[PDB]
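Take a look at this single chain, the form deposited in one PDB entry, given in structure tokens.
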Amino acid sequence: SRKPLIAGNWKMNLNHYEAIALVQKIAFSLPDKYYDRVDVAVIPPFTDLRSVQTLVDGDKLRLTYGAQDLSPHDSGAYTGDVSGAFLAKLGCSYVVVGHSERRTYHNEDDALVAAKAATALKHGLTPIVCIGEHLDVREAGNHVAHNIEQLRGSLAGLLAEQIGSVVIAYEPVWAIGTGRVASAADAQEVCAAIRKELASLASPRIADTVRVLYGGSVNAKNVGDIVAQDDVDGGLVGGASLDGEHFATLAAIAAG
């Protein structure tokens, strides 16, 4: 069995003392008993990471955290870019790679996503590799094949044991920030296809350990149906992750 994961992508929101207040809202809204049954992570902007690290470590919180991007390179002359080495030193558990907003606004293709995933693993981070098709692909009925091709491209170059160290997030683009959640059956169809492909790229044993998350308009009324699906292992939550009580509620539901 796979332990569920609820990860909050804050996107470009919250300064460093707003970050501390949000983490404290989560940590005091969520009963300790739930952490044995669900992993819970916050994913703040880079500039909030020191503040969140020192709170989480200093108060021995059971919440974990991660970052929203990293460079494919370890160091050097890349003004503006953040290294996985810096994230690892700050105690990050996760890093998001290939979020649709980066693919779209920042010219990130599958090959760059794959390079970022490999660099994340080099630094002991768990990359959350995001894939998801556009509305027209969905309308053409070609969603499964498109996602499989994007998965293959975004994991290119990773060996089987490296695949075993990633998380996948299925982000239908039509569902991101739009209030249009995938039906639980829609989510299950793609996530089951993802795991089947992972079994080819790695092995059946390894694929059965990989957590595959849903993202796209997750809230308290839909999260239960979605995470109950056989091949869905949690959520990469956008807007709802900015409210500590709402986010804690999502985690409690996913814990079951």
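Only residues modelled in both forms are compared. Heads up, when I say rigid core I mean the largest set of C-alphas that superpose within 1.5 Å between the two forms. Residues carry their position along the shown sequence, with the first being 1.
Just so it is clear, the following notes concern the form deposited in another entry, a form of the same protein that is not shown.
With the rigid core aligned between this form and the one not shown, the listed residues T178, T104, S183, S75 include just one Cα displaced by at least 2 Å, namely that of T178.
In summary, the C-alpha positions of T178 and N142 converge in the other form, ending up at least 3 angstroms nearer each other than in this conformation. Compared with the form shown here, the Cα atoms of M12 and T178 move at least 3 Å farther apart in the other form.
Taking only residues common to both forms and fitting on the rigid core, the CA shifts of 2 Å or more between this form and the one not shown cluster into a single run of 3 or more residues at 174-181.
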